[PDB]
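A.B. asks: One structure coming up, written as structure tokens, with questions to follow.
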Amino acid sequence: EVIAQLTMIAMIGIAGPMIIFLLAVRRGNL
Amino acid sequence: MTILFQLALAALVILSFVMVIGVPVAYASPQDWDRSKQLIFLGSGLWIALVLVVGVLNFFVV
Amino acid sequence: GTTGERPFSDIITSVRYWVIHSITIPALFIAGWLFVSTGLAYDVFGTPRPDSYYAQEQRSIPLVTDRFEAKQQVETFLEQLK
Amino acid sequence: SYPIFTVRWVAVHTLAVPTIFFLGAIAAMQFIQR
Amino acid sequence: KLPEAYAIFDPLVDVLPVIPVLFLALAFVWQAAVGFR
Amino acid sequence: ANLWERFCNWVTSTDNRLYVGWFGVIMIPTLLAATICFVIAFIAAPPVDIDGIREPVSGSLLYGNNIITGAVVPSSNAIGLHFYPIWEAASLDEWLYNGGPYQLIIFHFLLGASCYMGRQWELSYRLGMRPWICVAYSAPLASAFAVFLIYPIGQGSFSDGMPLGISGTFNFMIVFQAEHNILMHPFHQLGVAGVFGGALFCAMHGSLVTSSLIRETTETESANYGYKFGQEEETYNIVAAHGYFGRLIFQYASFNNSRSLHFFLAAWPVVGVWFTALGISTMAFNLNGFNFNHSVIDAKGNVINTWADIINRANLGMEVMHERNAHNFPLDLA
Amino acid sequence: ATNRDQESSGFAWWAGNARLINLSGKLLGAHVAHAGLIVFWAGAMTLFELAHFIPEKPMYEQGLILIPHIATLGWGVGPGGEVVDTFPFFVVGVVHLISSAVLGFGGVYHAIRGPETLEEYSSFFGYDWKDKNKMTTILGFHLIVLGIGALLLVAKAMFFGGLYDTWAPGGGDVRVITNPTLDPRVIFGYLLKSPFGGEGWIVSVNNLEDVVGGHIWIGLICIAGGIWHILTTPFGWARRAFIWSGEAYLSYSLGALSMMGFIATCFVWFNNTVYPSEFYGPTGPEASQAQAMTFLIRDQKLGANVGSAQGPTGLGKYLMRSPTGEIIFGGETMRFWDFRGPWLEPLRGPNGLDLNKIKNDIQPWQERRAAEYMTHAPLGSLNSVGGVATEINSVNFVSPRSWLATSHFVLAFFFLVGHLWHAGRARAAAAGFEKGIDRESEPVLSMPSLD
Amino acid sequence: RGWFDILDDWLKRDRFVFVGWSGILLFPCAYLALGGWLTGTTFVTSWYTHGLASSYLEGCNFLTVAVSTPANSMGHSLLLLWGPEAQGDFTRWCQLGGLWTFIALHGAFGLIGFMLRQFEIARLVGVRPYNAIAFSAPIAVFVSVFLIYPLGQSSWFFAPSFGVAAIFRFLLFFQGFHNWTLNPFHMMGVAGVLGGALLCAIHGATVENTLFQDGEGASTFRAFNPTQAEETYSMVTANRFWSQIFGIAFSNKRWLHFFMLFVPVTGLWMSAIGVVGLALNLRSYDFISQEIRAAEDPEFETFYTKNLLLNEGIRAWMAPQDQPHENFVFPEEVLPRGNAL
Amino acid sequence: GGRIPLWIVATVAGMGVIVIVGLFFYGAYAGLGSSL
Ligand code: CLA
Ligand code: CLA
Ligand code: CLA
Ligand code: CLA
Ligand SMILES: CC1=C(/C=C/C(C)=C/C=C/C(C)=C/C=C/C=C(C)/C=C/C=C(C)/C=C/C2=C(C)CCCC2(C)C)C(C)(C)CCC1
Ligand SMILES: CC1=C(/C=C/C(C)=C/C=C/C(C)=C/C=C/C=C(C)/C=C/C=C(C)/C=C/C2=C(C)CCCC2(C)C)C(C)(C)CCC1
Ligand SMILES: CC1=C(/C=C/C(C)=C/C=C/C(C)=C/C=C/C=C(C)/C=C/C=C(C)/C=C/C2=C(C)CCCC2(C)C)C(C)(C)CCC1
Ligand SMILES: CC1=C(/C=C/C(C)=C/C=C/C(C)=C/C=C/C=C(C)/C=C/C=C(C)/C=C/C2=C(C)CCCC2(C)C)C(C)(C)CCC1
Ligand SMILES: CCCCCCCCCCCCCCCCCC(=O)O
Ligand code: OEY
Ligand SMILES: [Cl-]
Ligand SMILES: [Cl-]
Ligand SMILES: [Fe+2]
């Protein structure tokens with residue numbers, strides 16, 4: 017219900033920092 | 001095919017999430033660009049096909 | 003210059019720091035949560051619960067009207083809620 | 012070789028530990044119904 | 010309401026409008042990663 | 011060369027005691043028209059039917075006012091937002107009765123003050139300066155647009171613009187609180203931080219530079235003589251000021267970069283007053299302050315008053331009294 | 011390290027997008043990616059509104075700003091503005107949202123992976139800010155795109171189902187426009203109307219014929235101007251007048267958007283034709299006029315003679331004259347007598363409100379509309395308590411006209427500051443003193459003393 | 012080297028947070044004023060003193076929480092915890108208003124300690140104490156508004172309560188009862204505060220836009236060295252600009268910065284004096300000549316008479332709830348109201 | 005002494021206040037003080 021909304025926005029929200037985290041592990045072109 | 005419609009839609013949603021993360025990471029890592037540019041080419045076409053599929057199936061459930 | 007303490011950027015990036023405060027911060031938060039959920043905060047401070055502002059059929063406020071009988075007045079208001 | 016306990020340490024903790032306690036109290040309040 | 014076919018997606022639709030502000034916040038996460046060079 | 015080039019060089023001359031400039035060409039006649047009309051009206055204008063109910067309000071010194079109560083009265087509510095130049099009146103007497111001077115004054119003043127801002131940019135360009143002093147002036151300018159132009163537009167009548175007087179300003183502020191609860195509006199709260207903060211930082215910066223003036227004089231002379239106009243060296247020790255102020259708070263709460271410090275001095279009040287000007291300009295469209303009236307109720311449903319409800323009781327008193335003969339219908343919708 | 015740091019690019023991180031000024035490819039990706047954000051919001055927000063939409067409530071009780079834009083174009087709505095089919099709202103939403111993905115793809119590609127500068131890759135797409143010819147050519151292209159877009163609205167109105175017409179007989183309805191106004195005396199007469207009360211400049215446009223006809227004129231004007239700028243280069247007087255730089259062009263557009271935002275602010279506040287009150291709620295003038303009508307009706311039902319009722323001031327309690335003599339509603343709403351609306355115009359004779367029509371012709375649908383509009387005046391609090399500032403909590407309402415007007419005033423004002431900021435800097439940078447005064451040639455030191 | 016000198020060494024050690032002898036007064040009192048406010052706005056009611064909710068626990072938000080003044084029946088009691096009203100009972104102390112005097116009195120002594128800190132630090136570092144001197148205006152304001160004003164009235168009840176919306180109530184009370192906008196001491200205070208904001212913005216903008224080019228970057232902040240001897244902006248060009256824009260300009264850098272101290276400091280001091288007047292109800296409420304004319308001439312109306320009608324509405328509509336100890340019962344028929352509203 | 009990167013502690017700390025403040029705004033509409 018509302019947990020449904022919260023798990024959505026939690027996963028959408030972590031998606032952003034993850035791209036930075038991955039490009040920083042791979043020593044990408046930050 | 002009600003369940004089949006929501007399967008294509010979830011497929012489309014999952015594919016979007018995967019490529020939302022994959023495309024920027026692939027683009028900025030030049031080490032494995034050749035390995036990856038094929039996958040973004042595949043996922044891109046896989047993605048367009050899912051929109052069309054969901055697009056036509058909508059008219060059999062709506 | 004520096005007055006001799008450890009830099010803050012140093013402490014908060016350190017593993018030892020987060021080891022200690024992965025417990026203390028959530029514990030303090032839980033203690034405060036409990037402070038209200040056990041109802042204790044009402045009784046410490048004398049704050050009315052939602053059901054003890056008024057008696058059932060009264061519409062007047064229990065205002066203290068005497069300086070030296072004040073504590074006495076409040077206790078008499080409180081026992082009329084029973 | 013830095014000290015772990017300083018005047019600064021007492022200063023930051025006199026504020027910080029009551030703050031987190033209070034945030035937890037206020038968080039719990041958002042679930043009180045009348 | 011969404012058309013009943015898409016109803017299981019109501020909670021996802023409910024949160025999509027806030028995604029544009031996440032891009033702004035993401036820029037700051039990124040600049041911290043590069044140390045605001 | 012030709013006369014037009016001669017005229018252009020005089021207009022844009024940096025050797026004129028007061029810079030004229032192309033913005034100055036519009037500014038001078040419009041500020042002159044507004045100033046002369048305002049002075050004559052404040053002293054001698056007969057009473058004005060501000061509210062369109064044939065109830066003239068006396069605003070001028072000759073009609074029984076003093077400096078504190080006198081005003082140029084806003085134009086009649088019967089006019090609304092219609093343009094009312096002198097030549098639309100059947101007579102000067104009609105124009106005076108209906109509040110003509112207020113329109114003449116505010117339109118010339120807003121125009122002249124807009125060109126004042128442009129003139130600030132213009133001279134800064136002729137002198138080789140950086141250009142953004144005029145951006146700082148846009149905060150007070152925007153504020154003046156809000157109370158003289160925007161709010162009448164949103165509310166539909168210049169009769170609800172701010173009057174041009176000391177007591178008239180107060181009347182405007184009180185009625186505004188009644189109808190918009192501006193005290194409970196965060197843009198106004200930001201405007202108060204802007205001006206309180208600005209006055210604080212004004213004192214801080216004044217006292218810190220003054221506290222660290224370098225000894226250049228004896229005690230029987232003003233220390234001001236220790237600075238000579240145009241000297242290359244600074245007259246104060248910013249390292250000493252930082253050493254004092256960093257210890258007063260903590261080292262990093264204090265500036266050591268003069269440019270960063272002065273940019274902060276510009277930014278804080280300017281941004282603050284932008285928000286308060288934006289506050290009046292959006293309350294012009296009736297997006298009002300927070301309403302917590304009867305927000306707390308008890309387990310039975312009794313209303314438990316907060317300080318917001320006490321504010322509402324005062325607001326209610328302003329509402330029922332303001333413009334006591336002007337309403338025939340129960341809601342005051344503009 | 012192609013820019014991307016302060017030492018190479020000269021700009022600090024908080025002015026980092028200024029590092030893109032001479033990097034056409036990365037700059038292109040920024041613009042295209044941003045356009046993705048705009049289209050994304052249009053899609054997600056429409057679907058959000060649709061998810062929350064309840065067809066039995068008025069749109070303006072539901073916090074909707076985008077569905078009313080779709081309804082105005084004639085989709086999903088029948089007579090009276092009643093919602094008859096939500097599916098077009100869904101389509102609009104989905105097609106925008108899907109579109110933003112391909113826009114987002116193209117922006118991220120161009121900003122991260124593609125050529126940082128386009129000038130080596132293609133002499134067509136690359137550009138130099140100082141090429142006055144190339145600059146007017148790109149301007150010319152976008153002019154043509156804009157004129158086409160204006161003609162899409164014409165296409166909708168004349169061939170693809172029409173527009174919603176609040177003025178249509180019988181209470182409003184979707185209507186095909188078959189005779190747009192082309193008479194330039196009307197079309198350009200709007201541009202010469204004064205912006206003051208009773209005139210209202212272009213905000214006074216009150217019929218769909220003028221709207222459609224104005225967009226034919228603007229469509230052709232933009233296509234012709236686009237061809238003109240493609241084929242020409244700026245003349246000498248224009249060259250000597252302007253600053254020719256990337257930041258100066260930015261500043262001109264910031265000034266243009268500011269002006270436009272102020273106009274939109276007044277459009278949504280005053281105009282009830284292209285912002286139908288069935289969708290957006292009544293205007294301020296309208297709700298205030300509707301209160302006067304409500305109590306006229308109520309009291310007249312009780313037996314009052316409303317034409318001869320002297321109010322406390324001596325002015326009519328219900329009816330009075332405007333300063334040019336028209337019969338109008340009395341009380342404080344006297345300021346709003348310029349209001350025109352489909353529910354009130356039946357009572358209008360050649361001298362203003364007609365006492366015979368007031369005595370005999372008021373229909374229940376007008377009494378209903380006036381009550382609905384008076385109780386939905388655009389007044390309310392920031393936390394969406396509807397009503398005057400002293401109202402108690404209960405009604406959860408803020409008019410979309412208030413939300414739209416306030417937001418766009420704020421945006422228009424800040425873009426005026428942006429204009430001033432970038433215009434000043436563009437002038438200072440082109441002259442070479444944007445980074446400060448040269449200690450060794452301080453201009454004032456070579457000037458005579460003022461006194 | 013006695014124990015006093017050894018204590019003096021440790022108090023004046025250069026550490027991250029300087030302490031000093033003044034720290035012994037400042038830190039206990041400032042922390043307790045602060046902590047007392049946070050405690051009261053989170054957990055403590057105003058039900059028995061004011062008939063109001065006032066804490067997060069009761070459902071108030073940041074704008075409507077307060078530590079409210081004690082009941083009017085307390086007079087000017089110190090309301091000591093061990094005193095005769097609470098008699099050491101902490102719960103009753105909270106319910107009777109004890110946190111208000113607790114915050115107000117520890118806050119007064121905290122302000123004393125902060126000014127002593129400014130003196131102490133200035134003396135150790137070797138700078139003139141003009142910043143301590145500037146801080147007398149906030150002290151003047153605090154003492155006049157929170158102490159002197161209620162001491163002249165019936166009780167602490169009428170001082171400001173410590174809250175956002177409570178202070179707004181204070182503002183409106185002062186308009187309706189004192190006609191405080193009409194007071195020339197407040198008018199000078201207004202001029203000093205807005206003039207200080209004006210000086211703050213105009214000086215910062217002038218410096219930022221007469222900077223010398225001391226570097227090649229487009230961010231101009233890096234081209235400043237705090238140990239450099241040279242001015243970072245041009246006084247000569249700043250002066251010419253304002254001379255030709257505004258007619259006059261500063262020419263003396265020292266007078267300029269002294270003026271920035273003087274203007275807001277003097278403004279707050281003047282407003283303090285007007286509030287001391289209001290302690291005794293010595294208001295600038297009326298203009299007698301206006302009242303004589305208005306009483307005889309029903310056609311005479313000015314913005315002054317209009318504002319009094321507003322004050323009369325504020326007073327009668329807000330008093331029964333604002334001063335509940337008075338038991339004002341105003342029937343509807345006596346409430347002043349214009350037509351329709 | 006630097007084993008956890010500063011941008012990571014920043015993001016996590018920032019997200020945590022976002023949640024606490026969000027919760028406070030939720031409570032404006034529910035329970036005590038919602039006017040309901
Ligand atoms: C986004 C739209 C846009 C933009 C940015 C430009 C920009 C430009 N055009 Mg183009 N133009 C456009 C659309 C546009 N045009 C269209 C659609 C047409 C078709 C009609 C034209 C027709 C056109 C011609 C015929 C010419 C230009 C020229 C120019 C250049 C000088 C402009 C100038 O001096 O400003 C305006 C500055 C002025 C001093 C004009 C007068 C300003 C007064 C104060 C306004 C009053 C008159 C006003 C036009 C109408 C009144 C309306 C009012 C009631 C609101 C500049 C590069 C000139 C050029 O160099 O050509 C190569 C030129 O000769 N343009
Ligand atoms: C709409 C907002 C917006 C946009 C479009 C841009 C765009 C850009 N910026 Mg600016 N910027 C912004 C906001 C924005 N910025 C803000 C708010 C700030 C202040 C914090 C800055 C501060 C800033 C600095 C300091 C710099 C830039 C630079 C750049 C350019 C190169 C970026 C780069 O190399 O990143 C590399 C980053 C990464 C590889 C990390 C991943 C980034 C990707 C794009 C994340 C996207 C995720 C997304 C969900 C993808 C999924 C979609 C998929 C399905 C197709 C680029 C054109 C740089 C520049 O000018 O270079 C010359 C530069 O130095 N920007
Ligand atoms: C204003 C937008 C814009 C501009 C000017 C450019 C410009 C460029 N791009 Mg980019 N690009 C964009 C958007 C844009 N792109 C978008 C949205 C995407 C994602 C789909 C891409 C993805 C992309 C890739 C992956 C590549 C380019 C490449 C190129 C270069 C060659 C393009 C070419 O010849 O295409 C060919 C042009 C045509 C075949 C003409 C038809 C193209 C359009 C799509 C037809 C439909 C037009 C449409 C009806 C107009 C309205 C659209 C919408 C508003 C409704 C050039 C510098 C290439 C490059 O730089 O190589 C290194 C390259 O590899 N672009
Ligand atoms: C800088 C420290 C400081 C200061 C100035 C104050 C000041 C105050 N507090 Mg606060 N307080 C403090 C710290 C401080 N407090 C701390 C750390 C706590 C936490 C436990 C509290 C807890 C607290 C509470 C709970 C209350 C106060 C209250 C008060 C007020 C009344 C105090 C009183 O009557 O004292 C009386 C005591 C003295 C004046 C001390 C006397 C000193 C000796 C006996 C002198 C003897 C002479 C001797 C022969 C000379 C020796 C010379 C030497 C060379 C040997 C006053 C405003 C009350 C209040 O605010 O009520 C509204 C109250 O209820 N305080
Ligand atoms: C449409 C869609 C989609 C897509 C999505 C996307 C597109 C996403 C994105 C996302 C994103 C884009 C996100 C982002 C995020 C972000 C974040 C979360 C951030 C945060 C921030 C912070 C927290 C910060 C902090 C800080 C720092 C770092 C430094 C300074 C200080 C501060 C504190 C400010 C999907 C697939 C789902 C499917 C469905 C539909
Ligand atoms: C460059 C850059 C940047 C920016 C970026 C951007 C701005 C981008 C954009 C992007 C984008 C703009 C993206 C897009 C995406 C989208 C998507 C991904 C979509 C999807 C969709 C879908 C999946 C849908 C689905 C559905 C349907 C179909 C039906 C109904 C339901 C639903 C809704 C579920 C930043 C600042 C960060 C950083 C630096 C660099
Ligand atoms: C659609 C429509 C319509 C129509 C419209 C039209 C037809 C429009 C037009 C418009 C136009 C036709 C406009 C124009 C404008 C213009 C402008 C706005 C201008 C500006 C200018 C400038 C900005 C300049 C400046 C300057 C000077 C003066 C000197 C030197 C420097 C410079 C160059 C800077 C109508 C209403 C019927 C109806 C509805 C719809
Ligand atoms: C009274 C008393 C006392 C004392 C007490 C105390 C000392 C306390 C403390 C307390 C405390 C010390 C508390 C604290 C609290 C805090 C809080 C509650 C906070 C919160 C905050 C926040 C919520 C923030 C956030 C934010 C915002 C809002 C915006 C921007 C961002 C940020 C993040 C900053 C004693 C024992 C002597 C006993 C007697 C009585
Ligand atoms: C009749 C009274 C009953 C006694 C109940 C006990 C109340 C005593 C609590 C006092 C705590 C210490 C407060 C004062 C300490 C600070 C004073 C100062 O430092 O100057
Ligand atoms: O506030 Mn109340 O609301 Ca704006 O109008 Mn209706 O009354 Mn009158 O004329 Mn000036 O004032
Ligand atoms: Cl009034
Ligand atoms: Cl009325
Ligand atoms: Fe300075």
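Protein chains in written order, with the UniProt record's numbering: chain G, 17 to 46; chain P, 1 to 62; chain U, 3 to 84; chain L, 12 to 45; chain V, 10 to 46; chain D, 11 to 344; chain Z, 11 to 461; chain S, 12 to 352; chain W, 5 to 40.
Built from N, CA and C at the ideal position, the CB exists for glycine as well.
1. Determine the direct distance from the alpha carbon of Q129 (chain S) to that of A115 (chain S), and round the result to whole angstroms.
2. Terminal residues of the continuous beta strand (DSSP E) containing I338 (chain Z)?
3. Indicate, with yes or no, if ligand 4 has a heavy atom lying under 7 Å from the CB of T245 (chain D).
4. Using only the heavy atoms of ligand 2, determine whether one of them is closer than 7 Å to the beta carbon of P20 (chain V).
5. Alpha carbon to alpha carbon, what distance is there between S305 (chain D) and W20 (chain L)?
6. Candidates U:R8, U:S16, U:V21 and U:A57: which alpha carbon is nearest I8 (chain W)'s?
7. With a threshold of 6 Å on Cβ separation, who are the neighbours of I154 (chain Z) within its own chain once the five nearest residues in sequence on each side are excluded?
8. Any idea what DSSP makes of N298 (chain D), helix, strand or coil?
9. For the stretch 1-23 of chain P, which residues have a beta carbon sitting closer than 8 Å to at least one beta carbon of chain Z?
10. Report the option in S:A77, S:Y59, S:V286 and S:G349 whose CA atom is closest to the CA atom of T53 (chain S).
11. Hey, out of D:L341, D:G90, D:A344 and D:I60, whose CA is closest to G207 (chain Z)'s CA?
12. To which residues of the same chain is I284 (chain S) closer than 8 Å at the C-beta, ignoring the five residues directly before and after it?
13. Quick check on DSSP: helix, strand or coil for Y244 (chain S)?
14. Does DSSP put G31 (chain S) in a helix, a strand or coil?
15. May I ask you to check if the CB of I37 (chain L) is nearer than 7 Å to at least one heavy atom of ligand 8?
C.D. replies: Put simply:
1. For the purposes of this step, residue 115 (chain S) is taken as the residue at position 104 of the eighth sequence. For the purposes of this step, residue 129 (chain S) is taken as the residue at position 118 of the eighth sequence. The alpha-carbon atoms of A115 (chain S) and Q129 (chain S) are separated by roughly 21 Å.
2. For the purposes of this step, residue 338 (chain Z) is identified with residue 328 of the seventh sequence, where counting begins at 1. Per DSSP, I338 (chain Z) belongs to the beta strand (DSSP E) from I337 to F339.
3. Position 235 of the sixth sequence, counted from the first residue, corresponds to residue 245 (chain D). For ligand 4, not one heavy atom lies less than 7 Å from the Cβ of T245 (chain D).
4. Mapped onto the fifth sequence, residue 20 (chain V) falls at position 11. No, ligand 2 has no heavy atom inside 7 Å of this Cβ.
5. As a first step, residue 20 (chain L) is located in the fourth sequence; it is residue number 9 there, counting from the start. As a first step, residue 305 (chain D) is located in the sixth sequence; it is residue number 295 there, counting from the start. Using only the alpha carbons, I get a separation of about 42 Å.
6. Looking up residue 8 (chain W) in the ninth sequence gives position 4. Selected option, being the one with the closest Cα: U:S16.
7. If you number the seventh sequence from 1, residue 154 (chain Z) lands on position 144. Here the set comprises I233 and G236.
8. The residue you call residue 298 (chain D) lines up with position 288 of the sixth sequence. Looking at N298 (chain D) - three-state DSSP - the assignment turns out to be strand.
9. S16 and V23
10. Position 42 of the eighth sequence, counted from the start, is the residue given in the question as residue 53 (chain S). Closest by alpha carbon: S:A77.
11. In the seventh sequence, the residue the question calls residue 207 (chain Z) occupies position 197. Selected option, being the one with the closest Cα: D:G90.
12. Taking the eighth sequence and counting its residues from 1, the one referred to as residue 284 (chain S) is at position 273. Same-chain partners within the cutoff: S155 and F196.
13. Translated into positions along the eighth sequence, residue 244 (chain S) becomes position 233. Strand, per DSSP.
14. By 1-based counting over the eighth sequence, the position of residue 31 (chain S) is 20. Correct three-state label for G31 (chain S): helix.
15. Position 26 of the fourth sequence holds residue 37 (chain L). Yes, the beta carbon of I37 (chain L) sits closer than 7 Å to at least one heavy atom of ligand 8.
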